[PDB]
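Enquirer: Handing you this structure, nothing more for now.
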Amino acid sequence: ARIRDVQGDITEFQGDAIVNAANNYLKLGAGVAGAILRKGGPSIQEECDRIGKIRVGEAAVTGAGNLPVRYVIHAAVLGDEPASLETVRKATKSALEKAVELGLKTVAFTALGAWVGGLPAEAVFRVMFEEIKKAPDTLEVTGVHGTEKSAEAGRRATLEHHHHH
């Protein structure tokens with residue numbers, strides 16, 4: 001899948017859907033998740049409540065409320081079970097296969113940030129990077145970064161992979 005990295009506010013992303021690292025109970029908590037809930041409305045949480053629990057490693061899709069996208073794909077990394085590298089690799093794949101099922105073309109992840117949580121960020125990058133690279137080219141994947149500095153490092157890491165020098 002085509003990949004781009006930018007600093008930004010993922011509640012402003014203007015595409016098909018966004019991915020939200022979550023717990024398997026689909027309870028939207030602190031931070032970015034909090035932002036998605038405020039800017040979208042409680043309909044996102046209601047839809048989440050409707051689906052109820054899922055299995056750590058999987059992903060559930062709901063509407064996006066007033067967010068300028070169509071779907072929020074929710075990627076259960078922790079909760080029931082602890083968040084491990086495989087937890088994240090599986091959750092990322094899931095969320096992607098979800099975009100595929102739905103015929104999407106543009107879908108943004110909030111990059112690193114709350115995918116890492118006490119794991120090595122270098123490592124989480126890899127797993128998400130490989131997973132994203134396996135996705136079809138019909139899909140173009142944006143990683144919204146909180147700080148520009150982290151956006152740039154995502155870019156070189158991408159660029160340093162295309163070669164390695």
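Ordered as shown in the structure tokens, chains take letters A, B, and onward, while each chain numbers its residues from 1 and ligands are numbered from 1 in the order shown.
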Could you name the residues that touch residue 47 (chain A) at 12 Å or less, counting only C-alpha atoms, but leaving out those on the same chain fewer than 2 positions away, as an mmCIF file with N, CA, C and O atoms, in the first residue's frame?
Expert:
data_model
loop_
_atom_site.group_PDB
_atom_site.id
_atom_site.type_symbol
_atom_site.label_atom_id
_atom_site.label_comp_id
_atom_site.auth_asym_id
_atom_site.auth_seq_id
_atom_site.Cartn_x
_atom_site.Cartn_y
_atom_site.Cartn_z
ATOM 1 N N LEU A 26 -13.958 -1.510 23.322
ATOM 2 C CA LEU A 26 -14.366 -0.411 22.444
ATOM 3 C C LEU A 26 -14.867 0.764 23.249
ATOM 4 O O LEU A 26 -15.793 1.457 22.847
ATOM 5 N N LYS A 27 -14.239 0.957 24.402
ATOM 6 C CA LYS A 27 -14.451 2.131 25.234
ATOM 7 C C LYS A 27 -13.363 3.129 24.880
ATOM 8 O O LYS A 27 -12.170 2.859 25.040
ATOM 9 N N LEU A 28 -13.795 4.277 24.369
ATOM 10 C CA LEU A 28 -12.904 5.320 23.883
ATOM 11 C C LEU A 28 -12.489 6.221 25.027
ATOM 12 O O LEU A 28 -13.320 6.893 25.631
ATOM 13 N N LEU A 37 -14.089 11.144 19.775
ATOM 14 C CA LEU A 37 -15.382 11.109 20.437
ATOM 15 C C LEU A 37 -16.030 12.496 20.503
ATOM 16 O O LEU A 37 -17.221 12.622 20.240
ATOM 17 N N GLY A 40 -16.758 13.744 16.816
ATOM 18 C CA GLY A 40 -17.706 12.918 16.097
ATOM 19 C C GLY A 40 -19.094 12.900 16.704
ATOM 20 O O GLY A 40 -20.110 12.927 16.006
ATOM 21 N N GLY A 41 -19.138 12.848 18.024
ATOM 22 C CA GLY A 41 -20.399 12.733 18.716
ATOM 23 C C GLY A 41 -20.492 11.402 19.423
ATOM 24 O O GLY A 41 -19.611 10.554 19.294
ATOM 25 N N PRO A 42 -21.577 11.196 20.170
ATOM 26 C CA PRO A 42 -21.672 9.980 20.968
ATOM 27 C C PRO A 42 -22.117 8.828 20.096
ATOM 28 O O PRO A 42 -22.127 7.693 20.573
ATOM 29 N N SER A 43 -22.479 9.112 18.844
ATOM 30 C CA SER A 43 -22.933 8.067 17.925
ATOM 31 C C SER A 43 -21.829 7.040 17.695
ATOM 32 O O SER A 43 -22.110 5.844 17.575
ATOM 33 N N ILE A 44 -20.578 7.513 17.640
ATOM 34 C CA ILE A 44 -19.421 6.622 17.538
ATOM 35 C C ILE A 44 -19.354 5.699 18.758
ATOM 36 O O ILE A 44 -19.115 4.498 18.614
ATOM 37 N N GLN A 45 -19.591 6.240 19.948
ATOM 38 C CA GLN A 45 -19.567 5.395 21.133
ATOM 39 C C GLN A 45 -20.784 4.508 21.223
ATOM 40 O O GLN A 45 -20.697 3.385 21.706
ATOM 41 N N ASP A 49 -20.809 0.613 21.480
ATOM 42 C CA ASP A 49 -21.560 -0.080 22.516
ATOM 43 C C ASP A 49 -22.436 -1.157 21.904
ATOM 44 O O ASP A 49 -22.609 -2.226 22.480
ATOM 45 N N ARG A 50 -22.989 -0.857 20.732
ATOM 46 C CA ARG A 50 -23.876 -1.786 20.038
ATOM 47 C C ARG A 50 -23.135 -3.061 19.665
ATOM 48 O O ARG A 50 -23.679 -4.155 19.779
ATOM 49 N N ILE A 51 -21.888 -2.914 19.232
ATOM 50 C CA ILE A 51 -21.094 -4.052 18.803
ATOM 51 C C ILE A 51 -20.628 -4.767 20.049
ATOM 52 O O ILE A 51 -20.457 -5.990 20.071
ATOM 53 N N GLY A 52 -20.414 -3.985 21.092
ATOM 54 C CA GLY A 52 -19.836 -4.509 22.305
ATOM 55 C C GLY A 52 -18.467 -5.122 22.091
ATOM 56 O O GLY A 52 -17.795 -4.849 21.108
ATOM 57 N N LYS A 53 -18.076 -5.979 23.025
ATOM 58 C CA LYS A 53 -16.729 -6.534 23.108
ATOM 59 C C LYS A 53 -16.303 -7.264 21.837
ATOM 60 O O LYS A 53 -17.117 -7.862 21.139
ATOM 61 N N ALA A 60 -13.098 -3.546 14.837
ATOM 62 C CA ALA A 60 -14.500 -3.314 14.492
ATOM 63 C C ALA A 60 -14.670 -1.960 13.833
ATOM 64 O O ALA A 60 -13.992 -0.993 14.195
ATOM 65 N N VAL A 61 -15.596 -1.895 12.883
ATOM 66 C CA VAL A 61 -15.869 -0.664 12.151
ATOM 67 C C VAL A 61 -17.194 -0.040 12.576
ATOM 68 O O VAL A 61 -18.197 -0.736 12.737
ATOM 69 N N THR A 62 -17.173 1.275 12.778
ATOM 70 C CA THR A 62 -18.360 2.056 13.103
ATOM 71 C C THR A 62 -18.360 3.283 12.215
ATOM 72 O O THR A 62 -17.365 3.566 11.542
ATOM 73 N N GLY A 63 -19.459 4.028 12.234
ATOM 74 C CA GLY A 63 -19.524 5.304 11.540
ATOM 75 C C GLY A 63 -18.539 6.290 12.142
ATOM 76 O O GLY A 63 -17.842 5.947 13.099
ATOM 77 N N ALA A 64 -18.471 7.508 11.594
ATOM 78 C CA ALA A 64 -17.511 8.506 12.076
ATOM 79 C C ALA A 64 -18.157 9.776 12.615
ATOM 80 O O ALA A 64 -17.456 10.713 12.995
ATOM 81 N N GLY A 65 -19.486 9.812 12.660
ATOM 82 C CA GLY A 65 -20.187 10.954 13.209
ATOM 83 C C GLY A 65 -19.929 12.197 12.392
ATOM 84 O O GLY A 65 -20.077 12.172 11.182
ATOM 85 N N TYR A 71 -15.819 6.217 8.240
ATOM 86 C CA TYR A 71 -15.778 5.099 9.158
ATOM 87 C C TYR A 71 -14.692 5.335 10.178
ATOM 88 O O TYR A 71 -13.664 5.951 9.877
ATOM 89 N N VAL A 72 -14.914 4.857 11.397
ATOM 90 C CA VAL A 72 -13.803 4.707 12.315
ATOM 91 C C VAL A 72 -13.558 3.219 12.487
ATOM 92 O O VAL A 72 -14.446 2.470 12.910
ATOM 93 N N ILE A 73 -12.352 2.805 12.126
ATOM 94 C CA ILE A 73 -11.932 1.437 12.299
ATOM 95 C C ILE A 73 -11.245 1.340 13.644
ATOM 96 O O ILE A 73 -10.299 2.074 13.898
ATOM 97 N N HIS A 74 -11.719 0.458 14.519
ATOM 98 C CA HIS A 74 -11.182 0.418 15.881
ATOM 99 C C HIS A 74 -10.275 -0.796 16.076
ATOM 100 O O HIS A 74 -10.707 -1.924 15.892
#
Enquirer: Would you mind listing what lies within 12 Å of residue 79 (chain A) as a VMD selection string, with only C-alpha atoms counted and same-chain residues fewer than 3 positions away left out?
Expert: chain A and resid 21 to 29 53 to 58 75 to 76 82 to 84 87
Enquirer: Find the residues near residue 94 (chain A): any atom within 6 Å, counting only C-alpha atoms, skip ones fewer than 3 places away on the same chain, and give them as a ChimeraX atom specification.
Expert: /A:58-59,91,97
Enquirer: So which residues touch residue 100 (chain A) within 10 Å, counting only C-alpha atoms, skipping near sequence neighbours fewer than 4 positions away, as number ranges by chain?
Expert: A: 94-96, 104-105, 135-136, 138-139
Enquirer: Could the residues in this selection be saved with N, CA and C atoms as a compact mmCIF listing (two decimals), in the first residue's frame?
Expert:
# COMPACT_ATOMS: atom_id res chain seq x y z
N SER A 94 -5.70 -6.56 10.84
CA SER A 94 -7.14 -6.57 10.94
C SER A 94 -7.74 -5.31 10.38
N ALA A 95 -7.22 -4.17 10.82
CA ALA A 95 -7.81 -2.90 10.48
C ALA A 95 -7.67 -2.68 9.00
N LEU A 96 -6.61 -3.24 8.42
CA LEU A 96 -6.38 -3.07 7.01
C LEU A 96 -7.35 -3.93 6.22
N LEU A 104 -12.12 0.76 0.42
CA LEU A 104 -11.64 2.09 0.71
C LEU A 104 -10.37 2.39 -0.10
N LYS A 105 -10.04 3.67 -0.22
CA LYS A 105 -8.86 4.08 -0.96
C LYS A 105 -7.89 4.90 -0.11
N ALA A 135 -0.53 -4.45 2.40
CA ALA A 135 -1.87 -4.06 1.97
C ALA A 135 -1.82 -3.69 0.49
N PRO A 136 -2.97 -3.81 -0.21
CA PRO A 136 -3.02 -3.59 -1.66
C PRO A 136 -2.61 -2.18 -2.02
N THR A 138 -4.29 -0.33 -3.85
CA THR A 138 -5.55 0.37 -4.06
C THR A 138 -5.75 1.30 -2.89
N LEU A 139 -5.03 0.99 -1.83
CA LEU A 139 -5.11 1.69 -0.58
C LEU A 139 -3.90 2.59 -0.50
Enquirer: Tell me, which residues of chain A carry DSSP helix (DSSP H, G or I), written as number ranges by chain?
Expert: A: 32-40, 42-51, 85-101, 121-134, 148-162
Enquirer: Nearest to residue 1 (chain A): which of A:14, A:66, A:20, A:142 is it, counting only C-alpha atoms?
Expert: A:142
Enquirer: Write out as an mmCIF file with N, CA, C and O atoms, in the first residue's frame all residues of chain A that backbone DSSP assigns to strand (DSSP E).
Expert:
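Result file selection-v1.cif:
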data_model
loop_
_atom_site.group_PDB
_atom_site.id
_atom_site.type_symbol
_atom_site.label_atom_id
_atom_site.label_comp_id
_atom_site.auth_asym_id
_atom_site.auth_seq_id
_atom_site.Cartn_x
_atom_site.Cartn_y
_atom_site.Cartn_z
ATOM 1 N N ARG A 2 0.455 2.246 -0.786
ATOM 2 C CA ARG A 2 1.117 3.540 -0.771
ATOM 3 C C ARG A 2 0.998 4.197 0.605
ATOM 4 O O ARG A 2 -0.071 4.205 1.232
ATOM 5 N N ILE A 3 2.116 4.742 1.064
ATOM 6 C CA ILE A 3 2.218 5.263 2.414
ATOM 7 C C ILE A 3 2.705 6.726 2.423
ATOM 8 O O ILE A 3 3.655 7.084 1.725
ATOM 9 N N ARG A 4 2.025 7.573 3.189
ATOM 10 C CA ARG A 4 2.529 8.917 3.440
ATOM 11 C C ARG A 4 2.477 9.260 4.937
ATOM 12 O O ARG A 4 1.624 8.776 5.676
ATOM 13 N N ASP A 5 3.411 10.091 5.375
ATOM 14 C CA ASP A 5 3.479 10.499 6.771
ATOM 15 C C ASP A 5 3.483 12.015 6.864
ATOM 16 O O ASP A 5 4.252 12.674 6.169
ATOM 17 N N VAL A 6 2.617 12.560 7.714
ATOM 18 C CA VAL A 6 2.487 14.004 7.894
ATOM 19 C C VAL A 6 2.166 14.365 9.342
ATOM 20 O O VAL A 6 1.571 13.580 10.083
ATOM 21 N N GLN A 7 2.560 15.559 9.758
ATOM 22 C CA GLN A 7 2.165 16.016 11.071
ATOM 23 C C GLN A 7 0.774 16.569 10.888
ATOM 24 O O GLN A 7 0.486 17.145 9.858
ATOM 25 N N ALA A 17 -11.552 6.752 5.903
ATOM 26 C CA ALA A 17 -11.655 6.342 7.303
ATOM 27 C C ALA A 17 -10.373 6.604 8.101
ATOM 28 O O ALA A 17 -9.306 6.848 7.525
ATOM 29 N N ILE A 18 -10.493 6.557 9.431
ATOM 30 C CA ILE A 18 -9.327 6.583 10.316
ATOM 31 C C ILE A 18 -9.303 5.362 11.245
ATOM 32 O O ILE A 18 -10.352 4.793 11.578
ATOM 33 N N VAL A 19 -8.099 4.958 11.645
ATOM 34 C CA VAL A 19 -7.936 3.863 12.589
ATOM 35 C C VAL A 19 -7.630 4.379 13.993
ATOM 36 O O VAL A 19 -6.854 5.311 14.183
ATOM 37 N N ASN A 20 -8.270 3.770 14.978
ATOM 38 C CA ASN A 20 -8.105 4.178 16.358
ATOM 39 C C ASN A 20 -7.685 3.019 17.231
ATOM 40 O O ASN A 20 -8.468 2.100 17.447
ATOM 41 N N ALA A 21 -6.454 3.061 17.724
ATOM 42 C CA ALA A 21 -6.009 2.064 18.683
ATOM 43 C C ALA A 21 -6.994 2.083 19.855
ATOM 44 O O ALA A 21 -7.335 3.155 20.375
ATOM 45 N N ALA A 22 -7.474 0.904 20.241
ATOM 46 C CA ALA A 22 -8.485 0.808 21.282
ATOM 47 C C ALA A 22 -8.229 -0.380 22.163
ATOM 48 O O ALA A 22 -7.301 -1.143 21.938
ATOM 49 N N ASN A 23 -9.073 -0.515 23.176
ATOM 50 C CA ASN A 23 -9.131 -1.704 24.001
ATOM 51 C C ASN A 23 -10.219 -2.583 23.404
ATOM 52 O O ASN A 23 -11.056 -2.084 22.644
ATOM 53 N N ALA A 59 -10.438 -5.901 14.834
ATOM 54 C CA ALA A 59 -10.892 -4.542 14.592
ATOM 55 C C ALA A 59 -12.377 -4.493 14.242
ATOM 56 O O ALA A 59 -12.856 -5.296 13.446
ATOM 57 N N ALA A 60 -13.098 -3.546 14.837
ATOM 58 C CA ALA A 60 -14.500 -3.314 14.492
ATOM 59 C C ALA A 60 -14.670 -1.960 13.833
ATOM 60 O O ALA A 60 -13.992 -0.993 14.195
ATOM 61 N N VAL A 61 -15.596 -1.895 12.883
ATOM 62 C CA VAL A 61 -15.869 -0.664 12.151
ATOM 63 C C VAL A 61 -17.194 -0.040 12.576
ATOM 64 O O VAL A 61 -18.197 -0.736 12.737
ATOM 65 N N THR A 62 -17.173 1.275 12.778
ATOM 66 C CA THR A 62 -18.360 2.056 13.103
ATOM 67 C C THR A 62 -18.360 3.283 12.215
ATOM 68 O O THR A 62 -17.365 3.566 11.542
ATOM 69 N N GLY A 63 -19.459 4.028 12.234
ATOM 70 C CA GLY A 63 -19.524 5.304 11.540
ATOM 71 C C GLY A 63 -18.539 6.290 12.142
ATOM 72 O O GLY A 63 -17.842 5.947 13.099
ATOM 73 N N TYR A 71 -15.819 6.217 8.240
ATOM 74 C CA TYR A 71 -15.778 5.099 9.158
ATOM 75 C C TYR A 71 -14.692 5.335 10.178
ATOM 76 O O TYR A 71 -13.664 5.951 9.877
ATOM 77 N N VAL A 72 -14.914 4.857 11.397
ATOM 78 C CA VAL A 72 -13.803 4.707 12.315
ATOM 79 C C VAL A 72 -13.558 3.219 12.487
ATOM 80 O O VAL A 72 -14.446 2.470 12.910
ATOM 81 N N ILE A 73 -12.352 2.805 12.126
ATOM 82 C CA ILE A 73 -11.932 1.437 12.299
ATOM 83 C C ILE A 73 -11.245 1.340 13.644
ATOM 84 O O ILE A 73 -10.299 2.074 13.898
ATOM 85 N N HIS A 74 -11.719 0.458 14.519
ATOM 86 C CA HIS A 74 -11.182 0.418 15.881
ATOM 87 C C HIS A 74 -10.275 -0.796 16.076
ATOM 88 O O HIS A 74 -10.707 -1.924 15.892
ATOM 89 N N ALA A 75 -9.020 -0.568 16.445
ATOM 90 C CA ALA A 75 -8.047 -1.654 16.489
ATOM 91 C C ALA A 75 -7.688 -2.105 17.901
ATOM 92 O O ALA A 75 -6.796 -1.557 18.543
ATOM 93 N N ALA A 76 -8.378 -3.133 18.369
ATOM 94 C CA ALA A 76 -8.162 -3.638 19.706
ATOM 95 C C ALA A 76 -6.747 -4.170 19.859
ATOM 96 O O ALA A 76 -6.437 -5.276 19.428
ATOM 97 N N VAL A 77 -5.885 -3.358 20.462
ATOM 98 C CA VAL A 77 -4.538 -3.800 20.814
ATOM 99 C C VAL A 77 -4.446 -4.370 22.225
ATOM 100 O O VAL A 77 -3.868 -5.421 22.423
ATOM 101 N N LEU A 78 -4.999 -3.687 23.216
ATOM 102 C CA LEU A 78 -4.954 -4.238 24.561
ATOM 103 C C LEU A 78 -6.344 -4.358 25.132
ATOM 104 O O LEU A 78 -7.324 -4.341 24.393
ATOM 105 N N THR A 106 -8.424 5.674 0.830
ATOM 106 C CA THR A 106 -7.595 6.510 1.691
ATOM 107 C C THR A 106 -7.980 6.325 3.165
ATOM 108 O O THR A 106 -9.107 6.567 3.565
ATOM 109 N N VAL A 107 -7.032 5.894 3.976
ATOM 110 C CA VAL A 107 -7.312 5.684 5.379
ATOM 111 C C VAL A 107 -6.095 6.035 6.204
ATOM 112 O O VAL A 107 -4.997 5.538 5.952
ATOM 113 N N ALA A 108 -6.308 6.906 7.186
ATOM 114 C CA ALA A 108 -5.240 7.390 8.031
ATOM 115 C C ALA A 108 -5.200 6.669 9.378
ATOM 116 O O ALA A 108 -6.237 6.365 9.973
ATOM 117 N N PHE A 109 -3.985 6.382 9.836
ATOM 118 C CA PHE A 109 -3.724 5.935 11.195
ATOM 119 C C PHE A 109 -3.159 7.123 11.952
ATOM 120 O O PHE A 109 -2.428 7.917 11.373
ATOM 121 N N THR A 110 -3.436 7.242 13.247
ATOM 122 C CA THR A 110 -2.567 8.087 14.061
ATOM 123 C C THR A 110 -1.276 7.304 14.284
ATOM 124 O O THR A 110 -1.281 6.250 14.938
ATOM 125 N N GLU A 140 -4.124 3.812 -0.019
ATOM 126 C CA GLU A 140 -3.051 4.726 0.323
ATOM 127 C C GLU A 140 -3.156 5.081 1.805
ATOM 128 O O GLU A 140 -4.192 5.577 2.263
ATOM 129 N N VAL A 141 -2.081 4.826 2.554
ATOM 130 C CA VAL A 141 -2.118 4.967 4.017
ATOM 131 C C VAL A 141 -1.378 6.189 4.560
ATOM 132 O O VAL A 141 -0.163 6.343 4.393
ATOM 133 N N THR A 142 -2.128 7.049 5.231
ATOM 134 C CA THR A 142 -1.564 8.242 5.830
ATOM 135 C C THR A 142 -1.316 7.981 7.305
ATOM 136 O O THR A 142 -2.147 7.401 7.985
ATOM 137 N N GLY A 143 -0.152 8.377 7.793
ATOM 138 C CA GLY A 143 0.105 8.343 9.217
ATOM 139 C C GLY A 143 0.136 9.767 9.745
ATOM 140 O O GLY A 143 1.073 10.489 9.482
ATOM 141 N N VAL A 144 -0.900 10.178 10.460
ATOM 142 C CA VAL A 144 -0.921 11.482 11.100
ATOM 143 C C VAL A 144 -0.025 11.451 12.339
ATOM 144 O O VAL A 144 -0.210 10.623 13.241
ATOM 145 N N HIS A 145 0.955 12.352 12.364
ATOM 146 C CA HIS A 145 1.855 12.495 13.501
ATOM 147 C C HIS A 145 1.530 13.736 14.326
ATOM 148 O O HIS A 145 1.203 14.798 13.770
#
Enquirer: Which residues are close to residue 116 (chain A), i.e. within 9 Å by only C-alpha atoms, leaving aside same-chain residues fewer than 4 positions away? Reply as a list in words.
Expert: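 Residues near the query, excluding close chain neighbours: residues 83, 85, 88, 112, 120, 121, 123, 124 and 125 of chain A.
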Enquirer: Can you work out which one of A:114, A:128, A:119, A:70 has the shortest atom-to-atom distance to residue 33 (chain A), counting only C-alpha atoms?
Expert: A:114
Enquirer: Pick the closest to residue 93 (chain A) from A:126, A:39, A:165, A:134: which is it, counting only C-alpha atoms?
Expert: A:134
Enquirer: Between CA of residue 133 (chain A) and CA of residue 161 (chain A), measure the distance and give it in Å to one decimal.
Expert: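 Between these atoms lies a distance of 11.4 Å.
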